[PDB]
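# Descriptive structure summary
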2 protein chains.
Amino acid sequence: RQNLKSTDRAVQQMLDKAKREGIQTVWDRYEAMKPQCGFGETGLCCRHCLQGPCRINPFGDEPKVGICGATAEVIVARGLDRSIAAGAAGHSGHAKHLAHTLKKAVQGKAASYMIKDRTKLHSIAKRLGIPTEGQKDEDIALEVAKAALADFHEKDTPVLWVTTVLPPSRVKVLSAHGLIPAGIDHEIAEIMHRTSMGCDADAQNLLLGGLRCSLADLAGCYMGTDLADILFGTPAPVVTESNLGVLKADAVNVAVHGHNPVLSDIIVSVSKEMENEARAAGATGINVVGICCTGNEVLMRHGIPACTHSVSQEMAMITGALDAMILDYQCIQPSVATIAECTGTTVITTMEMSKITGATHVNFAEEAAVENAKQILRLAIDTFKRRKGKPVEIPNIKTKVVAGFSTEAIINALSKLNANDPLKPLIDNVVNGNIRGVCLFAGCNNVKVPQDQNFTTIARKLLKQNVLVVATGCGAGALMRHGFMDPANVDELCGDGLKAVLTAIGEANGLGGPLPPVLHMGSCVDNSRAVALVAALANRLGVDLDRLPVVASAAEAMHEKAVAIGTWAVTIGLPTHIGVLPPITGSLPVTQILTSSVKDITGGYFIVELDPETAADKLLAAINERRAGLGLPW
Amino acid sequence: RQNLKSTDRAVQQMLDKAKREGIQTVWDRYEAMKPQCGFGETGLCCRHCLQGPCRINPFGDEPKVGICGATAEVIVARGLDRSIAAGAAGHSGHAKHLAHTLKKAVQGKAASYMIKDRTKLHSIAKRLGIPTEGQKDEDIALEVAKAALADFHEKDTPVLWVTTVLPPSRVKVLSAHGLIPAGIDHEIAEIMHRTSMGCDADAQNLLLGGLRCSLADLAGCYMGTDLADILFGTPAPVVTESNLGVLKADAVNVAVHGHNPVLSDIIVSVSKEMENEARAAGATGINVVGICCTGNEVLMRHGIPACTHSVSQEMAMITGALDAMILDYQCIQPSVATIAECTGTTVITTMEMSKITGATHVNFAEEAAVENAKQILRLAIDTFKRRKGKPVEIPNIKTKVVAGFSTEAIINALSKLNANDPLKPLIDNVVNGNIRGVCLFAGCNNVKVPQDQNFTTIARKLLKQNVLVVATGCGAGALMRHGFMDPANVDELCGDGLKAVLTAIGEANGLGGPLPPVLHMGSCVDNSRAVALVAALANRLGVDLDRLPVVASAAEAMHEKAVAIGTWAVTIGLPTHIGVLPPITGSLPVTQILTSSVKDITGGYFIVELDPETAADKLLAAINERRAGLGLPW
Ligand code: SF4
Ligand code: SF4
Ligand code: FES
Ligand code: FES
Ligand SMILES: [Fe+3]
Ligand SMILES: [Fe+3]
C-alpha cells in the first residue's frame, strides 16, 4: 500500500518500481529503524560530554537526571537550542556564500554574475542606510555585500537583517527581552558554548538564547533572499508544471537539487546554449528540472518545472531517465549516491563543504561558472547517450503551477486594485470577511507522515474557510504537486469569499481568471518574503505582528532549518503549527514555555498537533482569536 | 569502596559524608545511568533531523544505515565534528569575552582592569605585525583587541592566532590540506551547516573540516592565554597548596569556579580589602580557593590554593565549610545548585549566558567589577555567619604545589643555564638521554575512570623513564593533588636523568633543590602555552613539530573542549592519547583515519587506550619512535 507512504501518485508508481527492482528507499530505511528510540523522540538524551550518553526515563524510576546533574528541562532545552543553531548555520551559510558571490561580481572577478535587479539593490541599500545618490551601482553593491558580511559578527550595530526588516515596535519588544542578535555566527557559537557541558542550566535562559539565535536564522533567510534577488532577479508570476511527468525520455534530464542556486541559475542559461550539442548526441535538448529549493529558486525566477521535493527525491532517479543530479547543499538524501549506480544517474557535488562518497565532485568557482556548467552538462549528455535504447518509466503525471509570488509581485498584483495603497484591498477583504486570515505553509516532508497528507488536509480546510494561503519550500512543493497552484482549481478548493478576492485580483491583472488557490512565495530562505509582507501589513495598520490574523504551519517538518524557522515565526509574533513532534515532550516545563508562556514574551507560540484535521481547527481558532482581538467578526 | 570512585583520600572522606547524609553525587548519578546506551557510546546515533532518532547496530542486522541514507561513517564523523565545534565555541567564547574586557579597559570604560603585562602586550603586537614604536600602550592594546575580534570572522587574512603561532613549515603543511581556519566563529558555523541533514556525507571531507575547526579552537585557546596574561600578568613560579584541606573552618571560604577569571581575579584582590569586614562577622578573613580552571588561573598568577577539580567538585560543598561558590562558565556540574541547599553554600552565577536554576545571579559587568565583588563577598560573609556553631568536616589533607610555569617562566628558568640560548640546555638533555621526551597531560576527570588513576599511573611510568611532564587543567589538578608538583617528591618519582636536569635547573634558579616533578602550565586555554614551547623548540631545531619527541595525553577526557584540544594536538603533529572512548568505535573507517591515516596528513594521530599501563607503554613507544627518527638513542 504505497498510499501509506505518499499521497503523490507519481511517487507511488516509482515506489512500486523501486520495490520490484530491489532498490531500498527512505521509506524502507524508516521501516528498518522502527521502533525508534523513545529517549531521542522525547528529547531525554544527552551526548554533550564523554560521561554520556545520558538519558532520563520519561516516566517511572531512575535515571531521573543526567550524570552532571542536568535536569530534563536543561537537556531538552540544550538539544533544541543546538538544532536552532544548526538551522541558522545552514540558512546563513547560504546567505554568506551569496554575499561573497555579489562581491566577486562587482569587483570584476566573475563576469557570469551581475546586478540583475538594480531596483532591489537600491531599495536594500536604502533600507540599510547606505547612500545611493551619486554612487556607482557596483559601489552600492559592494557596500551591501560588506554590510551582509558584517552582520555575521559583533560590531557597533546589531544584526541589521533583523532590525531593519521588522517594524520598530516589534524590534522594541524583542530588544526589551534581550532577543536581538549581535551577530549571526556570534549567536551560533554562543549557543554551542552555552549548551556545552557545565554551562547554561536554566531552561528559560537557554530558550531565550534559542529565540535570539532563531532571529539570526531569520536574518540569514532574509539576507539570502535579498542577495539572490539582486543577483538573479526578483520573481514575478510565472507558469510552469510540477511532478515527475516533467521529465522527458527523449531529452537530457538534469535535476538541480539543494538550496543555493549560485551555479544552478547558470546551468539554466548554459543548458540552452548546449541544445545543439545535446541534439548531436541524439537528445531533443537539455531539460533542466528542479528538486527541493534549488528547484524552487529556478522555478520562481525562470519557470523551470519542479520534478519533486524532499522525502520523494529518490523517486526521480527510479524513473531511469534522470541523466544528472547536480547538488549544492542541504536536504539531499546521501542515498542518492548509491541509488545512482542502480539507475544510471550521474550525481555531481559542487560545494567544497558538501561532498558525498561515491559522487563525482566538480570544484565550482564563480570565476569559472560557465566552464563548470559545460563540464557538468557534458557528463549529463554522455549519461544520456549511455541510456540509448533503455526503456524508462516516467509517470505521466504532472500539474500546472502558477508561481513567482514574491512580496513585490503580490504588492504589484494588489496595486491593480488600488494603485497608491496596494495593501488596502487585502486589508479591506480581511475586514469584510472575504479573507479570514493568512496561513504560511513552510518546511519539509517527513517520512513519518504520509507524504503531503498534512499540507493538503490542512490547506483544504483553511481554503474553504476563506484563508489566504501562501507557501514556501516543500510546503509549496506539496501543494503544487496536488493542484493547489492551478487557478483552474479555485472553484473546487476555495470558499466563496476567497474565490471572489482571487478573482478580483486576477481580473485586474488581465488574467480573465483568478490567482491560484495558493501563492508560492519561493524557497526556504524566502520565508523571509512572508515576513516582508506581514511586516508591511503591520506597518500599514500601525499594529504589531502579534495582533495580525496570520499563522504559520510547518506541517511535515524535518530539518533543523525548519525548527529554526518555526522558532523565529514564534519570536516575531505568530501562532506556529508544527505537525511532527520536536524532541520536547520529555519536559513539560519546556513544552509549556514553547506552547504557552512564550505568548507573554513575543506574542507568538507553537501549536504542536500531529492530527491534521485537528491542526486545521487549532489554526482557524488562532486566526479567529486574532480577528476578535481586532474587533472583527469571525 | 570509595577507592573505586576516587583515588583522592579527601574525596573519599567526603563521599562517605555525602552517603551518610543522603546527598546524591556525580558517582551516584552515574550508577543510576548504567547500563548506558551502546548506540551513543559507539557514536552510532543521529538526531540531526526530526525523522530521527536514527541508530545503527554496531554488529548484526538492520538498522544498518540512517533514514536519509547516512552511513555509520557519516554519522560518527558528523557527531565528532559538532563536538569539536562546541569545544571551539567555549574556548573562543572565553577569549572573545577577554578581548572585550581589554578593549573596555583601555577605552577608559572599566578602571578595575588595566594592562598589567606591558612586555606581553608589546610581544603579541610584534607577533601580529602591529606597530608599537611611537604608539601609546592603550592604542597598541586597542589594536590587539581589534585583531583578536577580527579573527572570529572572515577577512583578508586567515586566523592570525593560528598562522602567527606555529612555525611556517607547519602552517604550510596545514594550508596544503586546506586546514587553516578562515575565522573562528565562521568555522564553528560551517561545521554546524555541513553536519546538518543532507549536507556533507563523506567521512574524509567531514574530518578535514573537523581538523580545521580544531585549529579554530587552538586559536581561541592561544588568544585567551594571551589576553589574560596582558590583563592579569604572565605567570611565574609560585608556591601554594591543593586539596580540600586548604579550606579553613574559621574563615569565609569562597570558591572561584569555571574558566574565565575576569571577575574572579578581581575577587582575589577585593577579598583582601574586606578582611576587617570579615573579622567583624567573626571570621579570620576571606579564604579564596580555586575549583577547576578559574582556580588554575588564580593559582598560576597569585598562588591561590586549589580546593578541587572537575569530577569531585561537589565534595567541596559537602565539607559544610564552603560559604560561597562563585561561578562563571564551563565544567560546572549543575547539581551544585541543589546540593547548596543541603550544605549551606551560596552558589552565585555571574555570566549572562550561564545561569543555573536555583542559584542566585549577579549581573557582573566590568564597569562595576569592584562593586559586584563586594556584593558577592558580602553574601559569602552572611553565609559564614549562618554557620556559626555548626561543625564542619574538612579533611585535613593537602599537598604542596609549586606552579606558575608559563612558557616565559620555563624559558627564564632554562636561561639560568644558558643565558643567550635558553632552549639549548633542554635540547642537550634530550640528546644525551637525560630527558627522554615531553608529555603534556591535559583535560578533565571523567566519572567512568576512578578519579586521577589514569593521570597518576601514566605519569609515574613516564617520569621513571625520564620524560619531562607538563600539565594543564584537571590533568594538572590530578597531579598536584597527588604530590607531583612538590619538589620533595623528585627522588621518589623521577628517573635519574630527569632528576639530574630538574636539579640542575633548580639549583641555577637559586632553589637549593629541584624543579617539581611536573610543571604546571596552567588552565585549559593555557594548553596554548605548551604549543608556544613546542613551536619554539621546533623553530630552534629547524624541524616541524611532527619530528619532535613530544606527546599529549587527555587521560580522563570528558568535555567537548577536551575533544577539541585533542583534535588540534593531532593536527599540529603530536601523538595524542585519549584515555576514555570518544564516540568513534562504531565506524572502523573513521577510527582508522583518526588513529592511523591522519599521520599522513598532519604527522599526529590519536592513541585510544583505556588501560593506563598500556597507554604509558604506547606513549613511550611514540616518544621513542620520534627519538629514532631524529637519529637519537632511546
Ligand atoms: S553534559 Fe551532563 S547530561 Fe550531558 S552527557 Fe555529559 S554528563 Fe550527561
Ligand atoms: S539526519 Fe539522517 S541519520 Fe540523522 S536523524 Fe535525520 S534521517 Fe536520521
Ligand atoms: S538513548 Fe536513544 S537517542 Fe540517546
Ligand atoms: S539511541 Fe541512545 S544515544 Fe541515541
Ligand atoms: Fe528547502
Ligand atoms: Fe578546564
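Provided above is the structure to which this section pertains.
Notes on the structure in this doc start here. (Residues numbered from 1 in each chain as written, not as in the entry; some residues may be left out. Chains lettered and ligands numbered in written order. Heavy atoms only, no water. Residues with missing side-chain atoms left out of burial classes, pairs and counts.)

## What about the overall build of chain A?
Check the secondary structure of chain A and you find 27 helices and 16 strands. Here the C-alpha radius of gyration of chain A, 24 Å, is about what a compact globule of 634 residues would show, namely 26 Å. Looking at chain A alone, contacts between residues at least 24 apart form 76% of all its contacts between residues at least 6 apart. (Helix = DSSP H or I, 4+ residues; strand = E, 2+ residues; numbered from the N terminus. Rg over C-alpha atoms; globule rule 2.2 N^0.38 Å. Contact = heavy atoms within 4.5 Å.)

## Points about the relation of the copies chain A and chain B
The transform that puts chain A on chain B rotates by 180° and translates by 0.0 Å along the axis, for an RMSD of 0.0 Å. Accordingly, the operation relating the two chain copies is best matched by a two-fold axis. Nearest to the rotation axis, the C-alpha of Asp185(A) is located 2.8 Å from it, this being the minimum over chain A. A shared interface surface links the copies, since 100% of the contact residues of chain A are contact residues in chain B too. (Least-squares fit on C-alpha atoms.)

## Re the coordination of the iron ion (ligand 5)
All names here are of chain A. The coordination sphere of the iron ion (ligand 5) contains the protein donors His259 (NE2), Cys293 (SG) and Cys524 (SG), at a distance range of 2.0 to 2.5 Å. Positions of the donor residues of the iron ion (ligand 5) along the chain correspond to the pattern H-x33-C-x230-C. Taken together, the residues span a long stretch of sequence, with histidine 259 in the loop between β4 (252-258) and α11 (264-273) and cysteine 524 in the loop between β13 (518-522) and α23 (527-541) at a distance of 265 residues. (Donors = N, O, S within 2.8 Å, 3.2 Å for Na, K, Ca; no water.)

## Observations regarding the site of ligand 2
Taken together, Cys46(B), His48(B), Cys49(B), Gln51(B), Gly52(B), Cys54(B), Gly66(B), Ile67(B), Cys68(B), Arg78(B) and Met197(B) make up the full set of residues adjacent to ligand 2. When grouped by side-chain class, the residues that make up the shell around ligand 2 number six nonpolar, four polar and one charged. (Near = heavy atom within 4 Å. Nonpolar A, V, L, I, M, F, W, Y, C, P; charged D, E, K, R; others polar.)

## Quick notes on the site of ligand 1
In the region of ligand 1, the neighbouring residues are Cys46(A), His48(A), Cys49(A), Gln51(A), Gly52(A), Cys54(A), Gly66(A), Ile67(A), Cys68(A), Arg78(A) and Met197(A). Of the residues assigned to the shell around ligand 1, the class counts are six nonpolar, four polar and one charged.

## Observations concerning the coordination of the iron ion (ligand 6)
Residues and elements named next belong to chain B. The iron ion (ligand 6) binds to the protein through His259 (NE2), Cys293 (SG) and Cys524 (SG); the donor distances cover 2.0 to 2.5 Å. Considered as a linear motif, the donors of the iron ion (ligand 6) on their single chain read H-x33-C-x230-C. Note on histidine 259: relative accessible area 4%, which makes it buried. (Buried < 20%, exposed > 50% of the residue type's maximum accessible area, 1.4 Å probe, protein only.)

## Observations concerning the sheet that holds strand β12 (residues 468-472) of chain B
Residue and element names in this part refer to chain B. Pairing within the open sheet is parallel, and its six strands lie in the order β13-β12-β11-β14-β15-β16. Strands at the two margins of the open sheet, each flanked by one partner only, are β13 (518-522) and β16 (605-608). In this sheet, adjacent strand axes meet at a mean angle of 25° when their direction is disregarded. Both strand β11 (residues 438-441) and strand β14 (residues 550-554) contribute to a ladder of four bridges, which runs parallel. Directly across from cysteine 439, in β14, lies its bridge partner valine 551. Where helix α23 (residues 527-541) meets the sheet, it contacts β11, β12, β13 and β14, and its direction lies at approximately 115° from that of β13. (Pairing = 2+ DSSP bridges. Axes fitted to C-alpha atoms, helices over the stretch in contact; angles between N-to-C directions.)

## A short note on the pattern of salt bridges
Any two side chains of opposite charge can pair, given that their charged atoms come close. Residues and elements named next belong to chain B. Per the stated rule, a full pass over the model turns up 72 salt bridges over all chains. In this structure, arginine 118 and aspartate 137 form a salt bridge, with 2.8 Å as the shortest nitrogen-oxygen distance. Of the two residues, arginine 118 is situated in helix α5 (residues 118-128) and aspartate 137 in helix α6 (residues 137-150); the sequence distance between them amounts to 19 residues. Assessed through its relative accessible area of 48%, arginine 118 is described here as partly exposed. Two residues, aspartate 229 and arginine 301, come together in a salt bridge whose shortest N-O distance is 2.8 Å. (Salt bridge = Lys/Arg side-chain N within 4 Å of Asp/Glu carboxyl O.)

## Some words on the environment of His361(B)
All names here are of chain B. Relative to the assigned elements, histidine 361 resides in strand β9 (residues 360-361). By relative accessible area, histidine 361 is classed as partly exposed at 22%. Placed 35 residues apart in sequence, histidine 361 and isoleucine 326 show a C-alpha to C-alpha distance of 9.8 Å. Setting aside residues up to four positions removed in sequence, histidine 361 forms contacts with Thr349, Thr350, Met351, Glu352 and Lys355. A polar contact is formed between the side chain of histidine 361 and the side chain of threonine 349, at a distance of 2.7 Å. (Polar contact = N/O pair within 3.5 Å; in protein donor to acceptor, adjacent residues only side chain to side chain.)

## Notes on the sheet that holds strand β11 (residues 438-441) of chain A
All names here are of chain A. The six strands are arranged β13-β12-β11-β14-β15-β16 in an open sheet whose pairing can be described as parallel. Each of the sheet's edge strands pairs with one partner strand only, and the pair in question is β13 and β16 (605-608). With direction set aside, neighbouring strand axes in the sheet form an average angle of 25°. Here helix α27 (residues 612-629) sits on the sheet in contact with β11, β14 (550-554), β15 (575-578) and β16, set at roughly 160° to β14.

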